[PDB]
Amino acid sequence: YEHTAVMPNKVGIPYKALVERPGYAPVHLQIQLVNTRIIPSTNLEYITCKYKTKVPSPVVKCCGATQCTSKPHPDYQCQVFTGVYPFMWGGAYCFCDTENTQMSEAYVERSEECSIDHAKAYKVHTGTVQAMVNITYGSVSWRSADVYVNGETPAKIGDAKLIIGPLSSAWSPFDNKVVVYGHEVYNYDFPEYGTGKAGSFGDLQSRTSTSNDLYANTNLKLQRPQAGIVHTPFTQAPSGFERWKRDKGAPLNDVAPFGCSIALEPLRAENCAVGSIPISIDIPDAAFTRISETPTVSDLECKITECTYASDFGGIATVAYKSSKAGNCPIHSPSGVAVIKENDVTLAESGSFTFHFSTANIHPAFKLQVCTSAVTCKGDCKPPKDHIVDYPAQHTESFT
Amino acid sequence: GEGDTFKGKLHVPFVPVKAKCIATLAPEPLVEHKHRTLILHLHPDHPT
Ligand SMILES: *[C@@H]1O[C@H](CO)[C@@H](O[C@@H]2O[C@H](CO)[C@@H](O[C@@H]3O[C@H](CO)[C@@H](O)[C@H](O)[C@@H]3O)[C@H](O)[C@H]2NC(C)=O)[C@H](O)[C@H]1NC(C)=O
């Protein structure tokens, strides 16, 4: 009863397979993966944002110089100007036409928008992948499990336990370095902490948004006030965060392969359909029933009707059941070339009932299986008339 | 002033916040299917 099989990694498609235990009625599983969260390891490097050049009020002495001191402010640029003759408000400020001096101070401070609008660099490791899975097997018709894909750690929800994974492919869409911005993420290579070149990304770097200390390499240069007017003209490179906000590349959120979406909450890729999952489940004995109750279904014949070669359920077929009882009988195809709409079918005493299927080969020679018996439903199919469809449900393309 | 930096933090009356603005909605494209080819008719109102 510990069933083990490999199911291709996709989201919307159920991988109904039949657990055939001898001496008991067969029971059919119905695994479907609602979510496929990759969740890489995360580590915050620093936060970048547009800066703000907070210039304190400049000091002016009428006669004699004024030496500046190196304040501990980030990018504290101080300079002294001589020969200024500042007019202001009521006429001139001083008459020492050569001994007049002005001192200018300027320091870089993270702007108010840094609290809300700000990028976030990250370094990412392999991390651990986890999924939500539905398993509407037997007669239970319920699941809500959220499960690690580490093959070491079974999920233990409901009565049936299961192990899934580990994943066959490690194609995590994230590169070595990731930067997050609002709803979007990017495989940018942020330079480093403390080495940000002016103008480029990372000109303004702080370990966290609330950190008192920061690093500001903005190439700030002070300029002499002209015509004797009281102000602090300064030349500075444009905001580095302003760049790459208009010259950003295509976000990872929209160029990830395999149709993965991205989300910020732990940072993750999700629905990332690649490779295959070894799925193993532990069916509780109480869900099996003695074979002496359910119908045996020998001596049967199979006839398909007008099979289409579409990705919807374009196949319809009829079977001549020769039942030993009346009641239900789980139905399945062990071969992957065919997939069955129906989970189950109800039989009268040697009646006949149809089922719907889908496929991808012109001449599907699939062994249909029914509770403890099998039949070859071989037939012919015809191409689909129409290219208008959104998503598929069978992905079994092979030699044809 | 030649003296001390007198304190007193004046709160900034209008700080940035994360609100919700109404964004434009481009006209729906006119699809036209073709064999392994998606012909897409587009009639933008503004550069999108
Ligand atoms: C696990 O898989 C099973 C089987 O696919 C899911 O059962 C189905 O759940 C849907 C809702 O998600 C039911 O839909 C029904 O729709 C009608 C019409 O809107 C509504 O009137 C019903 O109240 C109901 O919502 C559907 O009936 C049900 N399947 C059957 C055969 O009854 C199940 O929801 C999945 N569980 C999870 C947690 O994903």
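Method of structure determination, per the deposited record: cryo-EM was used for this entry, reaching 3.8 Å resolution.

Going by the PDB entry, chain B carries the name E2 glycoprotein and comes from Eastern equine encephalitis virus.

In the annotation of the PDB entry, chain A is listed under the name Spike glycoprotein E1 and assigned to Eastern equine encephalitis virus.

Turning our eyes to something else, we now look at the sheet that holds strand β14 (residues 177-181) of chain A. All names here are of chain A. Across the sheet, 6 strands lie side by side as β15-β14-β10-β5-β16-β17; this open sheet has antiparallel pairing. Across the chains shown, the open sheet's two edge strands, defined by having one partner strand only, are β15 (184-186) and β17 (215-216). When strand β10 (residues 119-123) meets β14, the two strands line up antiparallel, connected through 4 bridges. Its bridge partner being in β14, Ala121 is matched across the sheet by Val179.

Another point: the packing of aromatic side chains. Residues and elements named next belong to chain A. The final tally for this structure, using the stated rule, is 11 aromatic pairs over all chains. Aromatic pair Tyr46 and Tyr193: ring centres 6.3 Å apart, planes at 35 degrees, arrangement tilted. Residue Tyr46 is located in strand β5 (residues 44-48), and its partner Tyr193 is located in the loop between β15 and β16 (204-206); the two are separated by 147 residues in the primary sequence. Judged by its relative accessible area of 30%, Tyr193 is partly exposed. With 6.1 Å between their ring centres and 45 degrees between their planes, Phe355 and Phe357 make a pair best called tilted. By relative accessible area, which is 2% here, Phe355 ends up buried. For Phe357, a relative accessible area of 0% translates into the label buried. Chaining the aromatic ring pairs together yields one cluster made of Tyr186, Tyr188, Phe201 and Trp244. The aromatic ring of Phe190 is capped on one face by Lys177, whose charged end is 5.5 Å from the ring centroid. The ring of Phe313 is capped by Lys341, whose NZ or CZ atom sits 5.3 Å from the centre of that ring.

With that settled, the discussion passes to the site of the ligand. All names here are of chain A. Every residue close to the ligand is listed here: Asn134, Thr136 and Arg143. A distance of 2.3 Å separates an oxygen atom of the ligand from a polar atom in the side chain of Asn134. When isolated, the ligand has an accessible area of 760 Å², and the protein chains bury 19% of it.

In this section: the state of the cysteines. All names here are of chain A. One pass over the structure, following the stated rule, counts 8 disulfides over all chains. The side chain of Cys302 participates in a disulfide bridge whose partner is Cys377; the two sulfur atoms lie 2.0 Å from each other. Judged by the sign of its S-S torsion, about 110 degrees, the cystine formed by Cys302 and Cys377 is right-handed. Of this pair, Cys302 sits in strand β23 (residues 302-304) while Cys377 sits in the loop between β32 (373-376) and β33 (381-382); the two residues are 75 residues apart in sequence, bridging distant segments of the chain. Given a relative accessible area of 1%, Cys377 falls into the buried group. Disulfide pairing places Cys307 opposite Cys381 at an S-S distance of 2.0 Å. One quick way to see it: the torsion about the S-S bond of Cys307 and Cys381 is about 85 degrees, and its sign makes the bridge right-handed. You can see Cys307 sitting in strand β24 (residues 307-308) and its partner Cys381 sitting in strand β33, a full 74 residues away along the chain. Under the relative-accessibility criterion, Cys307 is labelled buried at 1%. Among the residues examined, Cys381 registers a relative accessible area of 15% and is labelled buried.

All names here are of chain A. UniProt pairs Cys260 with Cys272 in a disulfide, and the coordinates agree: the sulfur atoms lie 2.0 Å from each other. Placement of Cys260 in the loop between β19 (234-235) and β20 (261-263) and of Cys272 in the loop between β21 (268-270) and β22 (276-282) is noted, with a sequence separation of 12 residues between them. Neither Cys260 nor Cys272 differs from the other in exposure class; each is buried. In textbook terms, a disulfide joins two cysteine sulfur atoms at less than 2.5 Å, and UniProt's bridge between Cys302 and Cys377 fits this description with an S to S distance of 2.0 Å.

All names here are of chain A. The residue after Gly165, namely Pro166, is reached through a cis peptide bond having omega 10 degrees. Examined against the element boundaries, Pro166 turns out to sit in the loop between β13 (161-164) and β14. The backbone of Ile39 sits at a positive phi, close to 40 degrees, despite the residue not being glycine. With respect to the helices, strands and loops of the structure, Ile39 is situated in the loop between β4 (31-37) and β5. Phi angles above zero are rare outside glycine, and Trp89 is one such case at about 55 degrees. Position of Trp89 among the secondary structure elements: in the loop between β8 (77-82) and β9 (101-110). A relative accessible area of 86% places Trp89 in the exposed class.

A separate point is the nonpolar core. All names here are of chain A. Grouped together as the largest cluster of nonpolar side chains are 39 residues, with contacts concentrated most on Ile31, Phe174, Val178 and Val185. Residues contacting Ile31, with those up to four places away along its chain left out, are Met7, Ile13, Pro14, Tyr15, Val133, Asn134, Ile135 and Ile279. Residues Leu300, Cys307, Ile331 and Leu347 belong to the second largest nonpolar core, which totals 22 residues.

The rules we used
Residues numbered from 1 in each chain as written, not as in the entry; some residues may be left out. Chains lettered and ligands numbered in written order. Part of a larger assembly, values for the part shown. Heavy atoms only, no water. Pairing = 2+ DSSP bridges. Helix = DSSP H or I, 4+ residues; strand = E, 2+ residues; numbered from the N terminus. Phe/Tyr/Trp six-rings, centres within 6.5 Å; stacked < 30°, edge-to-face > 60°. Buried < 20%, exposed > 50% of the residue type's maximum accessible area, 1.4 Å probe, protein only. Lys NZ or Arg CZ within 6 Å of the ring centre and 35° of its normal. Near = heavy atom within 4 Å. Polar contact = N/O pair within 3.5 Å; in protein donor to acceptor, adjacent residues only side chain to side chain. Areas by Shrake-Rupley, 256 points an atom, 1.4 Å probe, with all protein chains shown as cover. Disulfide = S-S within 2.5 Å. UniProt positions renumbered as here; feature names shortened; annotations may be inferred. Core = buried A, V, L, I, M, F, W, Y, C linked by side-chain atoms within 4.5 Å. Contact = heavy atoms within 4.5 Å.

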